[PDB]
Amino acid sequence: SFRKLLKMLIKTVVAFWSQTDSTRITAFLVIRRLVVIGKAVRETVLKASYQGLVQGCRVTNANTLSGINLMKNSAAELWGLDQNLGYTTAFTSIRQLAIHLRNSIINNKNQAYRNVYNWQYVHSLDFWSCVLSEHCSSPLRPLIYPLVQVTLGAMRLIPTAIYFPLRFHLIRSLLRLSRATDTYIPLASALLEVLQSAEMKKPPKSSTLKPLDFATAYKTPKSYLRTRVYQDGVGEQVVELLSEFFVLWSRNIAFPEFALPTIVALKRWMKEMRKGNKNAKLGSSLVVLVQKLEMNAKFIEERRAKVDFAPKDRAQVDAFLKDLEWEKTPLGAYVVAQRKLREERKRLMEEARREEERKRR
Amino acid sequence: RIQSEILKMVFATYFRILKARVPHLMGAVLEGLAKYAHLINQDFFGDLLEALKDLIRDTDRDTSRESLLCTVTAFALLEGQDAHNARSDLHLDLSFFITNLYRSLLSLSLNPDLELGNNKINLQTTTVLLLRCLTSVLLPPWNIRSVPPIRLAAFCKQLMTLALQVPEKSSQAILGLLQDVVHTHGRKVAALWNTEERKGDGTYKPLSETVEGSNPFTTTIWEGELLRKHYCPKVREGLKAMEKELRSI
């Protein structure tokens, strides 16, 4: 009676979720009502909505990327309202992700890398990353470690030129988590192997195709193998993610000790490109990023040179730059300039396609 | 006589495999070289050191694995007791290998294949290979209270940087290794954590070509503010053990 009526009601609401924007808002409001009213009913609701979101990311994303994002940040504060039982369900769900990853790694026979690399796993990692990011700043906090574990496992399963975009997307998710929390996630490594790929090292191939959108790609077209367009695209992705990572950690006391390895690695790559590849745009972009890194390292060194770090007292250390904000630094200036340029390019192409559709109509 | 002949055949195979550079034989052949060079003559032992040297050079011009393998073989060979006593009379110097390790720590930090893996040489993991390298250099089994403090400090700071930019299990490995080095040496390195003991006789040079060229006492360890917030709880526990020992020094 009671439980059955509740489960068919939520099944109808999950179908509404599976369905446009007005339905999104109404079904989410109903879900909000359900979770607020609610213990066992609450865990059932969150579980069912969990598989509902799983299916919603199971279907596709070519234009419903908007819908998937909205579904995700709507689903987040359900688990924010639930906490404890939500924490247990997160534990078991990350466990099942981990067991999938592990048994695929064990029996990598046939397409285990395929039943791992999909949209479901990517969007699931994004879902818990954003949930924890929004709701950790408790009991759900000490769960980031397994999430980072499975994410890095997904990174190093099979990092090929075909599978570049997926690790770009999940490094985006990891950077979101790092921005929200105060946890350090080493991703400069992965960005440096993407740099030390053979795809961008070899000279490009002249072709004329459409710049691929890094918001709906889980593979690469067989045409996009040596294409200069794909070369450039992974170029701005590397540049952008490196920028977010280093501006994300652009205020800590130990920046020079944290960046020079990457700085000299990128120097070595720039020499190897100019002793190979011929992409002047990428060369100039990476070089100018190198000068920003040198400048901010000098800045933090100068502002650190007169502070005390005694082993029994870290006072200026625990009050180093609490009154500084992330646009005062040279990376702050560069990254705001880059968000302005990136957004104006986004608008350029978005309108361009809209008037193209209008002309075709 | 039979021993001499069998050494002849075994070491002939060893060096011709080395010149063939068969990638899957390196670990075993280097293990054999390390464990029989003490019975091989002294002049041939020095020839083995310079053969290790120019193999490292050829790798300079996978590659990290080969470099670390030759490095660990060099340390094992010179940490053998007979070669230990032969040292000065035989003119056996490790400075080139020390400089190679110091200049390659950064690439070892930023390369991906670190953790894709009773033996003393043929170890499948570059992490444990680097661990043996650093144990040999920082805590050699002999004359533990004679290690140059400048080398100690430079390796300590570069190891902290590696810890910031290395995968998690390797991170905890070097955290424990630095726990060991601060337990053993202590006062020799404490200036690298105390700022009022910082030397003001120059500026720290990160990209040095030599360990003494890198002036290590002009800078202090600042890596705690990153390692305390590194995502791995085990890394955080290793770090807090580090500062606990530093404070209890």
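Residues numbered from 1 in each chain as written, not as in the entry; some residues may be left out. Chains lettered and ligands numbered in written order. Part of a larger assembly, values for the part shown. Heavy atoms only, no water. Residues with missing side-chain atoms left out of burial classes, pairs and counts.

- Per the PDB record, the structure was determined using cryo-EM to 3.1 Å resolution.

Considerations on the overall build of chain B
Inference 1: Helix and strand content of chain B: eleven helices and zero strands.
Inference 2: Mapped in sequence order, the helices and strands of chain B form the string α-α-α-α-α-α-α-α-α-α-α.
Inference 3: Along the first, second and third principal axes, the C-alpha atoms of chain B reach 65 × 40 × 30 Å.
Inference 4: For chain B, the residues scored as buried account for 51% of the 249 residues in total.
Inference 5: Element-wise, carbon and sulfur atoms account for 53% of the exposed surface of chain B, whose accessible area totals about 12300 Å².
Inference 6: Charge-centre separation for chain B: the mean point of 30 positive side chains lies 3 Å from the mean point of 28 negative side chains. (Helix = DSSP H or I, 4+ residues; strand = E, 2+ residues; numbered from the N terminus. Buried < 20%, exposed > 50% of the residue type's maximum accessible area, 1.4 Å probe, protein only. Areas by Shrake-Rupley, 256 points an atom, 1.4 Å probe, with all protein chains shown as cover. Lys, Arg positive; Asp, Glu negative; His and termini not counted. Charge placed at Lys NZ, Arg CZ, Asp CG, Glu CD.)

Some remarks on the overall build of chain A
Inference 1: Looking only at helices and strands, one finds 16 helices and zero strands in chain A.
Inference 2: Taking 2.2 N^0.38 as the reference for a compact globule, 361 residues should give roughly 21 Å; the C-alpha atoms of chain A span a radius of gyration of 23 Å, in line with that estimate.
Inference 3: By principal-axis analysis of the C-alpha atoms, chain A measures approximately 75 × 65 × 45 Å. (Rg over C-alpha atoms; globule rule 2.2 N^0.38 Å.)

Quick word on the packing of aromatic side chains
Inference 1: Under the counting rule described, the total for this entry stands at 22 aromatic pairs over all chains.
Inference 2: Ring centres of A:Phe255 and A:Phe258 lie 6.4 Å apart, and the angle between their planes is 80°; this geometry places the pair in the edge-to-face category.
Inference 3: On the basis of relative accessible area, A:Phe255 is assigned to the buried category, the value being 2%.
Inference 4: By way of ring pairs, the aromatic residues A:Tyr184, A:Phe245, A:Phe246, A:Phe255 and A:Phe258 are connected into one cluster.
Inference 5: Sitting over the ring of B:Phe96, B:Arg57 keeps its end group 5.0 Å from the ring centre. (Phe/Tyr/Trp six-rings, centres within 6.5 Å; stacked < 30°, edge-to-face > 60°. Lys NZ or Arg CZ within 6 Å of the ring centre and 35° of its normal.)

So, the interface of chain B and chain A
Inference 1: Taken together, the contacts link 29 residues of chain B with 36 residues of chain A.
Inference 2: Three residues, B:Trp222, B:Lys229 and B:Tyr231, lead the burial of chain B against chain A; their summed loss comes to 26% of the area buried on that side.
Inference 3: Run the count over chain B and chain A and you get two salt bridges.
Inference 4: The closest approach of N and O atoms between A:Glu257 and B:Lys157, which form a salt bridge, is 3.8 Å.
Inference 5: At the junction of chain B and chain A, the tally comes to seven residue pairs in polar contact.
Inference 6: Where the side of chain B that touches chain A is concerned, the elements lending two or more residues are α6 (95-110), α8 (149-164), α10 (224-227) and α11 (233-248) of chain B.
Inference 7: Residue composition of the side of chain B that touches chain A, by class: 14 nonpolar, seven polar and eight charged. (Contact = heavy atoms within 4.5 Å. Buried area = accessible area lost by both parts, 1.4 Å probe. Salt bridge = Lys/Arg side-chain N within 4 Å of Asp/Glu carboxyl O. Polar contact = N/O pair within 3.5 Å; in protein donor to acceptor, adjacent residues only side chain to side chain. Nonpolar A, V, L, I, M, F, W, Y, C, P; charged D, E, K, R; others polar.)

Concerning unusual backbone geometry
Inference 1: Unusually for a residue other than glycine, A:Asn110 sits at a positive phi of about 55°.
Inference 2: Along the chain, A:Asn110 turns up in the loop between α5 (84-106) and α6 (112-116).

Examining the nonpolar core
Inference 1: Among the nonpolar cores identified, the biggest contains 178 residues, and A:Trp128, A:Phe246, B:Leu134, B:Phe155 and B:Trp193 are the most heavily contacted of them.
Inference 2: Once residues lying within four places of it in the same chain are set aside, the contact partners of B:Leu134 are B:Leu101, B:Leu105, B:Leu139, B:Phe155, B:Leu159 and B:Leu177. (Core = buried A, V, L, I, M, F, W, Y, C linked by side-chain atoms within 4.5 Å.)

A closer look at the environment of A:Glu257
Inference 1: Tracing the chain through its elements places A:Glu257 in helix α13 (residues 256-273).
Inference 2: Put simply, A:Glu257 and A:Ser243 are 14 residues apart on the chain and 17 Å apart in space, counted from C-alpha to C-alpha.
Inference 3: Aside from chain neighbours lying at most four places away, what touches A:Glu257 is A:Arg304, B:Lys157, B:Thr161, B:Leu164, B:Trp222 and B:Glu223.
Inference 4: Within the local environment of A:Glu257, its side chain forms a polar contact with the side chain of A:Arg304, the two groups lying 2.7 Å apart.

Some points on α6(B)
Inference 1: Helix length check: α6(B), at 16 residues, gives a terminal C-alpha distance of 24 Å against a target of 22 Å (1.5 Å per residue), a fit within 8%.
Inference 2: Of all the bends in α6(B), the greatest measures close to 40° and is centred on B:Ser104.
Inference 3: Taken together, the buried positions of α6(B) are occupied by B:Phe97, B:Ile98, B:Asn100, B:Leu101, B:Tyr102, B:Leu105, B:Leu106, B:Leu108, B:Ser109 and B:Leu110.
Inference 4: At its buried positions, α6(B) is contacted by α10 (188-195) and α13 of chain A together with α3 (42-60), α4 (63-79), α7 (126-138) and α8 of chain B. (Expected span 1.5 Å × (residues − 1). Bend = angle between axes of the 7 residues up to and from the residue.)

A word on the pattern of salt bridges
Inference 1: Taken as a whole, this structure holds 19 salt bridges over all chains when the rule is applied.
Inference 2: A:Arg347 is paired through a salt bridge with A:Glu350; the nearest N and O atoms lie 2.8 Å apart. Of this pair, A:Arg347 and A:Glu350 both sit in helix α16 (residues 330-360), three residues apart, roughly one helical turn.
Inference 3: The partly exposed category is assigned to A:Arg347, whose relative accessible area is 39%.
Inference 4: Classification of A:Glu350 as buried rests on a relative accessible area of 16%.
Inference 5: The partner of B:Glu209 in a salt bridge is B:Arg103, with the nearest N and O atoms 3.4 Å apart.

Some thoughts on a positive patch on the surface
Inference 1: On the surface, a cluster of positive charge is contributed by A:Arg3, A:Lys4, A:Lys7 and A:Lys11.
Inference 2: Tracing the backbone shows A:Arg3 in helix α1 (residues 2-18). (Patch = residues over 30% accessible without salt bridge, like charges linked within 9 Å, V, L, I, M, F, W, Y side chains within 5 Å.)

Observations regarding the packing of helix α8 (residues 144-156) of chain A against helix α9 (residues 164-180) of chain A
Any two packed helices are characterised by the angle at which their axes cross and by the distance between the axes.
Residue and element names in this part refer to chain A.
Inference 1: Interhelical geometry of α8 versus α9 gives an angle of 160° and a closest axis separation of 10 Å. Accordingly, the angle class assigned to the pair α8 and α9 is roughly antiparallel. Crossing hand, α8 versus α9: left-handed. Two secondary-structure elements touch here, α8 through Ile144, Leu147, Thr151, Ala154 and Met155 and α9 through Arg167, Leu170, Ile171, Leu174 and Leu177.
Inference 2: Classifying every residue of the contact of α8 with α9 by side-chain character gives eight nonpolar, one polar and one charged. (Axes fitted to C-alpha atoms, helices over the stretch in contact; angles between N-to-C directions. Parallel < 35°, antiparallel > 145°, perpendicular 65-115°, else oblique. Left-handed = near helix turned anticlockwise from the far one by under 90°.)

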